[PDB]
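To start, the structure under review is shown below, and the notes come after it.
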Amino acid sequence: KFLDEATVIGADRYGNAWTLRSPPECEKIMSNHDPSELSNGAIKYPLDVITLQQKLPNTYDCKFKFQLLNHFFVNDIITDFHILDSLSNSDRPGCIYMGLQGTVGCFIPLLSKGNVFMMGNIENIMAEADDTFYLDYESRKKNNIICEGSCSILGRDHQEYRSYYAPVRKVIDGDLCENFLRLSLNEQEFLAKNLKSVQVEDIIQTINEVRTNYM
Amino acid sequence: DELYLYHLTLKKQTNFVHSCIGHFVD
Amino acid sequence: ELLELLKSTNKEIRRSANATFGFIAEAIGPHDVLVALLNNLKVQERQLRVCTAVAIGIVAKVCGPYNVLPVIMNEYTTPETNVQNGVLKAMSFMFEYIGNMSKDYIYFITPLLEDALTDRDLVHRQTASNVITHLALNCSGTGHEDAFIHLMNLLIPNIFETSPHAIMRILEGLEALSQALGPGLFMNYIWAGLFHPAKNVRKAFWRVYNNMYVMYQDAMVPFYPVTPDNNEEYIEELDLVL
Amino acid sequence: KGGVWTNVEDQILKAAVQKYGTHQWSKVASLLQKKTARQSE
Amino acid sequence: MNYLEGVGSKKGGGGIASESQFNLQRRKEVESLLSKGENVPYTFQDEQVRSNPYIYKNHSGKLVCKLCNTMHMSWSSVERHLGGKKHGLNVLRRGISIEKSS
Amino acid sequence: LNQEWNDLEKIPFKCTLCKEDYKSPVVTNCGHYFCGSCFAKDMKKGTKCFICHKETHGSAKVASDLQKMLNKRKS
Amino acid sequence: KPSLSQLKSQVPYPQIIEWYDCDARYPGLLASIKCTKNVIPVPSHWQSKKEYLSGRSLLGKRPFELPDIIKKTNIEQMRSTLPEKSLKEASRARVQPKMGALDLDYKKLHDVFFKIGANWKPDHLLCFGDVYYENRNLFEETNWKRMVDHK
Amino acid sequence: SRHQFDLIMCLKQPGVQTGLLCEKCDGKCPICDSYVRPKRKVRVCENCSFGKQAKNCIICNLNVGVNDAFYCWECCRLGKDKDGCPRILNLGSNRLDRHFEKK
Amino acid sequence: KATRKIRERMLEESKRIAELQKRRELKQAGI
RNA sequence: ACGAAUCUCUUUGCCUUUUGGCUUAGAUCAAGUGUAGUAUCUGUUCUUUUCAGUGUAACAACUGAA
RNA sequence: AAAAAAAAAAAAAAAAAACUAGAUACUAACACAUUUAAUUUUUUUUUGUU
Ligand SMILES: [Mg+2]
Ligand SMILES: [Zn+2]
Ligand SMILES: [Zn+2]
Ligand SMILES: [Zn+2]
Ligand SMILES: [Zn+2]
Ligand SMILES: [Zn+2]
Ligand SMILES: [Zn+2]
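Chains as they are written, first to last, in the UniProt record's numbering: chain A, 1122 to 1265, 1291 to 1361; chain B, 56 to 81; chain C, 730 to 971; chain D, 9 to 49; chain E, 1 to 47, 51 to 105; chain F, 174 to 179, 191 to 259; chain G, 131 to 213, 222 to 289; chain H, 2 to 104; chain I, 166 to 196.
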């Protein structure tokens, strides 16, 4: 699809879901010229770009490359994206996908620089929780939740899974952040000790904000 | 200038591939 | 008194002497202590340069890397070689001690690893690639990813390098950069010479491919450079569209 | 019991003896590791 | 009355210094002798006529012949090279290469 | 040990807005103290404390404990 | 052993194939892999007995320049590395010692990496298919971008 | 071992028993030999268990073991964790040669 | 001795330079 | 040709701290080791006859007889 | 501050290899004093008496 005029969202047979942006070097040019020029005629291309054509006739044929913008792995095969301008009067425009095995999900842009930080911190908290509990147990046996995968119930690291075919870029997993609601208060206040920042109550506020206000 | 996305799973995948028969919880 | 004491032949000594620089650097301050350490990289004897290189890694973790790093990036300019390895070795240690952080500090060190992988003598190209192994694993998934193509473009020509300590350090780097880039964007460099006529060029690429295939078996499957004509059988179910 | 003199430690004597003269042998062995004054002289 | 002995000490700091420190001192002086005191300049310093004029020091510490593009570990090695038959040739080749143009 | 690398009265008696006696006093989630007229007027412009610049959310308690410690008799 | 003229006819990009590709055990496959959409050629310094990095360019490489944002932190002046103490005066320093050598400011150092230099990113870096060949020098290429824009 | 080339690992299917490290080799990853940031316990095969052999450090296999052995975080990211039994079999060139010279 | 007095003389000259440029800067402000 | 001025050059001549003193040289004191591995100078030999095999990306190199 | 011009020779796309010995820098948190309380060098023609 197109989220935008310079960018694109996609899927794979294998489950990846990615967003590709076209570079600004190409945006200045495509903005300052009339399309008839591209095929033949004079576009003034920087010294470098041509030398990539001659040095690599196969790769740089076009001659620019998208910069991968997001990548993330959801084990379904995404059939349709639907870019919505809003969901239920929400401000943040979402793009809601739907998969083969049956699914719906959404990618919501986070417009803050402030939120993406917090949510980031919460994904990092819950991501290795099964490791943290385990280190506290080991060191509390040394001097005075038994399995290493206790909190994840299976061995998998998160980033290793959600990465899979290729590493995640900017997509922060909001379905992991949402297990934080399901823990007992003892465990929540245990995990949250890692943040100099706000208390459990404010985490839960933040996590819950997305369904209420953003969709 | 980037794009930061947040993922949710609204409705979970429904192809049920495995089953088991017992008594798990009382 | 400690900085003289790590000449000792024992290890547990050398190891505890370095740990107590963190306890002092936390106490008094990092910059008073660094200048003590950096003056000691000029020294010839290897234990002393490695055991200082550890301590600068330890002072970085405990007092924060932003305090240490520009003093180390400056010391790298000195024309003596033993300093320039000791400043690259110290940076390896300090990026495995601050595990996750490391993302904040990239972009600054790409130019410092620029001169290292470009440099003539074979040991710099060994220690900077030993920085990349630590810097790639734990900064993967961040979204830098364009610093690791830069850092990759400089490594691959070292694939032909011999020496045993040099070549395993470079393979470790190439194995680690695979996780910053992904097997696909990384494999583009490796398909070409995977056959090749040269028996040598061929021999060197196969090592790298073997390391990749172990970490990724089902993760390479989308990326193989195989077409219906290029092989007899292919698989007809990869072209199917519903 | 070797105390064998490489062509470097021969070349450093003739430069040391030129500098320090022949009666300062204690100083010549300062420029020259592995070797004492009685060995240098 | 221990003045009878005849040894003493100055009241400043802590004397002997550390074996590693002696090597640094000794390997500078040895490279001063064999060098016959000349200052061999760094490669980046933007040129005190040199005794010869080809030998330098790279951005690292090593010595290099800029004709022959050889790298040297020590002054002792260099004097081997300057007295060698390869560093002889490259002077003759530059000899001819100049004698064919001005 | 201070690291650069990394009967106190905290109650002003006159306002920070009125610069006058506290009347119909107000408490925030801080130890901030204002008049009922004070705090309502600051939110007409400012999002946060007139002092901390922390988030007040317009949240204001009746501060009677102030009038207490502003009594000569306390409570 | 197909002549390269025979081998260049198979390929959608005949300009990559070279005289030696003819001798590969499986050239038909090699020519098709090499000409695949995004494969990047093997670095060219094989067949060179030189050891990849050899002098002639490396003789004149400049020592190091700190990135400008870091150079703002003033360390360049406090420790002069380019290009002293009697051994007695050094051993007196171990016993005394002297404090506050650098006089660096902690708040300034932190901000360079975080607040001010948050988004500072290196000027050129490299692109997907740029391998570093031995004689290339990036210090020219970086300036040539800087040159074209300002003039 | 990372720096000593002659020593041969086991690389068989790990059982349920935990490897042990002597006081001297304590705190080390058996793969990269680093002292930092452990993650997972090691697990060694049965045929490295049995009698006296089971107790000895899984690195030097000489001294007796006490603490558990963990894989460091970086060795669990790459996957070198699960290759196999991370136990050194031979005593190696370095250890022998010191031994005979001393006597 | 040679080195020590050299370096000390360098220090003294630096101090002079410092005071001079002080006086110039204060002059630039009229004082 | 010659009286003769000025710049340039060689030589003779002139020359710089050409070592601060003194005594019983004023006295006395000094280098760790082992396992694995690479880098870098110099010395010595070959650009020199054909073909057949081994070998190499191609050389080279190696192997036979006129 | 500041105020032009005009009289129809050259150009260059920027020493090895082998042999044999010697010389010096350097690389691996390489190893350098603990090692020993469950467990396989302990080997002989079987031969310890209420
Ligand atoms: Mg006295
Ligand atoms: Zn030369
Ligand atoms: Zn008021
Ligand atoms: Zn407040
Ligand atoms: Zn052990
Ligand atoms: Zn490890
Ligand atoms: Zn085993």
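Think of the CB as a built atom: it goes at the ideal place given N, C-alpha and C, for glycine as much as any other residue.
### Message
Just checking: is the beta-carbon of residue 207 of chain G within a distance shorter than 8 Å of some beta-carbon in chain A?
### Response
Position 77 of the seventh sequence, counted from the start, is the residue given in the question as residue 207 of chain G. Not closer than 8 Å to any Cβ of chain A, the Cβ of residue 207 of chain G fails to qualify, so no.
#### Entry: Extent of the continuous beta strand (DSSP E) to which residue 74 of chain E belongs
For the purposes of this step, residue 74 of chain E is identified with residue 71 of the fifth sequence, where counting begins at 1. From DSSP, the beta strand (DSSP E) with residue 74 of chain E extends over 73 to 75.
### Query
What residues match up with residue 1219 of chain A in a beta bridge as DSSP calls it?
By one-based count along the first sequence, residue 1219 of chain A stands at place 98. A:1201.
#### Entry: Closest Cα partner of residue 759 of chain C within the set C:785, C:737 and C:969
Counting from 1 along the third sequence, the entry for residue 759 of chain C is found at position 30. For the residues C:785, C:737 and C:969, the minimum Cα distance to residue 759 of chain C belongs to C:785.
### Task
Decide if residue 196 of chain I is buried, meaning its Cβ has at least 16 other Cβ atoms within 10 Å, or exposed.
Here residue 196 of chain I corresponds to residue number 31 of the ninth sequence, with the count starting at 1. Looking at its Cβ environment, which holds fewer than 16 other Cβ atoms inside 10 Å, residue 196 of chain I is exposed.
### Message
Would you call the stretch 1304 to 1320 of chain A in contact with the stretch 1186 to 1194 of chain A, where contact means no fewer than 3 C-beta pairs closer than 8 Å?
### Response
yes
### Query
In this structure, does DSSP put residue 186 of chain G in helix, strand or coil?
What you label residue 186 of chain G is simply residue 56 of the seventh sequence in a count that begins at 1. Residue 186 of chain G: helix per DSSP, three-state reduction.
### Task
Just the chain E side, please: which residues come within less than 8 Å of residue 193 of chain G by C-beta, in chain order?
The sequence position of residue 193 of chain G within the seventh sequence is 63, counting from 1. The answer, in chain order, is 44 and 62.
### Query
Listing by chain order, which chain F residues have their CB less than 8 Å from the CB of residue 796 of chain C?
Within the third sequence, residue 796 of chain C is the residue found at index 67, counting from 1. In chain order: 178.
### Message
Distance check for residue 917 of chain C and residue 1312 of chain A, CA to CA, integer angstroms please.
### Response
Along the first sequence, read from residue 1 onward, the residue named residue 1312 of chain A stands at position 166. Along the third sequence, read from residue 1 onward, the residue named residue 917 of chain C stands at position 188. In a straight line, the C-alpha of residue 1312 of chain A is about 14 Å away from that of residue 917 of chain C.
### Task
State the DSSP-derived secondary structure class of residue 19 of chain H, mapped to helix, strand or coil.
As a working mapping, residue 19 of chain H is identified with position 18 in the eighth sequence. Coil.
### Task
Give the straight-line distance between the Cα atoms of residue 198 of chain I and residue 176 of chain I, rounded to the nearest whole angstrom.
Chain I is shown from 166 up to 196; residue 198 of chain I falls before or after that span and cannot be answered.
#### Entry: First and last residue of the uninterrupted beta strand (DSSP E) at residue 1226 of chain A
Residue 1226 of chain A sits at position 105 when you count from the first residue of the first sequence. Counting along the chain, the beta strand (DSSP E) containing residue 1226 of chain A begins and ends at 1225 to 1230.
### Task
Tell me whether residue 1216 of chain A counts as near ligand 7, meaning its Cβ is closer than 7 Å to at least one heavy atom of that ligand.
Counting from 1 along the first sequence, the entry for residue 1216 of chain A is found at position 95. No.
### Task
With 8 Å as the threshold, decide whether the Cβ of residue 793 of chain C is near any Cβ in chain A.
As a working note, residue 793 of chain C is residue 64 in the third sequence. False, the Cβ-Cβ gap to chain A never drops below 8 Å.
### Task
Please name the residue, chosen from C:798, C:922, C:879 and C:838, that lies closest to residue 262 of chain G on a Cα-to-Cα basis.
By one-based count along the seventh sequence, residue 262 of chain G stands at place 124. Of the candidates C:798, C:922, C:879 and C:838, the one whose C-alpha sits nearest the C-alpha of residue 262 of chain G is C:879.
### Query
Whose Cβ in chain G lies nearer than 8 Å to the Cβ of residue 800 of chain C?
Stepping through the third sequence from its first residue, residue 800 of chain C is reached at position 71. Within chain G, the residues near residue 800 of chain C are 205, 209, 240 and 242.
### Message
Looking at residue 163 of chain G: is its Cβ nearer than 8 Å to the Cβ of residue 924 of chain C?
### Response
If you number the seventh sequence from 1, residue 163 of chain G lands on position 33. If you number the third sequence from 1, residue 924 of chain C lands on position 195. Cβ distance < 8 Å, so residue 163 of chain G and residue 924 of chain C count as in contact.
### Message
Residues of chain G with CB closer than 9 Å to the CB of residue 883 of chain C, please, in chain order.
### Response
On the third sequence, position 154 is the one that residue 883 of chain C refers to. Going along chain G in sequence order, the residues near residue 883 of chain C (Cβ under 9 Å) are 264, 269 and 270.
### Task
Determine the extent of the alpha helix (DSSP H) in which residue 191 of chain I is found, giving its start and end residues.
Residue 191 of chain I sits at position 26 when you count from the first residue of the ninth sequence. Start and end: 167 to 193.
### Query
Shorter than 8 Å from the beta carbon of residue 869 of chain C to some beta carbon of chain A?
The residue you call residue 869 of chain C lines up with position 140 of the third sequence. Yes, contact with chain A.
### Query
Run through DSSP, which three-state label would residue 41 of chain H get?
Within the eighth sequence, numbered from 1, the residue matching residue 41 of chain H stands at position 40. Residue state, collapsed to three classes: strand.
### Task
Determine the chain C residues that contact residue 23 of chain E at a beta-carbon separation under 7 Å, and present them in chain order.
Here residue 23 of chain E is taken as the residue at index 23 of the fifth sequence, counted from 1. Ordered by position in chain C, the residues that pass the 7 Å Cβ test against residue 23 of chain E are 773.
### Task
Determine the DSSP secondary structure at residue 244 of chain F, reduced to helix, strand or coil.
Taking the first residue of the sixth sequence as 1, we reach residue 244 of chain F at position 60. In the three-state reduction of the DSSP assignment, residue 244 of chain F falls in the coil class, being assigned neither a helical nor a strand state.
### Query
Which one or two residues does DSSP pair with residue 1138 of chain A in a beta bridge?
Mapped onto the first sequence, residue 1138 of chain A falls at position 17. Note: residue 1138 of chain A sits in a beta bridge opposite A:1193.
### Task
Confirm, please, whether the CB-CB distance from residue 870 of chain C to residue 1314 of chain A is below 8 Å.
Here the question's residue 1314 of chain A lines up with position 168 in the first sequence. Here the question's residue 870 of chain C lines up with position 141 in the third sequence. Cβ atoms of residue 1314 of chain A and residue 870 of chain C: closer than 8 Å.
### Task
Compile a chain-ordered list of the residues in the stretch 61 to 77 of chain B whose CB is closer than 8 Å to at least one CB of chain A.
61, 62, 63, 64, 65, 66, 67, 68, 69 and 70
#### Entry: Beta-carbon proximity check, residue 247 of chain G vs residue 796 of chain C, cutoff 8 Å
The residue you call residue 247 of chain G lines up with position 109 of the seventh sequence. The residue you call residue 796 of chain C lines up with position 67 of the third sequence. Contact: yes.
### Query
For the 8 Å Cβ check, are there 3 or more pairs between the stretch 761 to 776 of chain C and the stretch 21 to 28 of chain E?
yes
### Contact set between residue 18 of chain E and chain C, taken where Cβ atoms lie within less than 7 Å
Stepping through the fifth sequence from its first residue, residue 18 of chain E is reached at position 18. In chain order: 733.
### Query
Hey, quick one: how far does the alpha helix (DSSP H) through residue 797 of chain C stretch, first residue to last?
Residue numbering aside, residue 797 of chain C sits at position 68 when the third sequence is read from its first letter. First-last of the alpha helix (DSSP H) with residue 797 of chain C: 794 to 804.
### Query
Applying the criterion that 16 or more other CB atoms from any shown protein chain within 10 Å of the CB defines a buried residue, is residue 174 of chain F buried or exposed?
Start at 1 with the first residue of the sixth sequence, and residue 174 of chain F comes out as number 1. With fewer than 16 other Cβ atoms within 10 Å, it is exposed.
### Task
Show which residues of chain C have a CB atom less than 9 Å away from the CB atom of residue 251 of chain G.
Taking the first residue of the seventh sequence as 1, we reach residue 251 of chain G at position 113. Neighbours of residue 251 of chain G in chain C, taken as residues at a C-beta separation under 9 Å, are given in chain order as 794, 795, 798, 799, 833, 834 and 837.
### Message
According to DSSP, is residue 49 of chain D part of a helix, a strand, or is it coil?
### Response
Mapped onto the fourth sequence, residue 49 of chain D falls at position 41. Reduced to three states, the DSSP call for residue 49 of chain D is coil.
### Query
For the candidate residues E:93, E:101, E:17 and E:55, whose alpha-carbon lies nearest to that of residue 70 of chain E?
Along the fifth sequence, read from residue 1 onward, the residue named residue 70 of chain E stands at position 67. Ranking E:93, E:101, E:17 and E:55 by Cα distance to residue 70 of chain E puts E:93 first.
### Task
Going by CA-CA distance only, name the one from A:1316, A:1224, A:1255 and A:1254 that's closest to residue 1276 of chain A.
You won't find residue 1276 of chain A in this model, because chain A goes from 1265 right to 1291.
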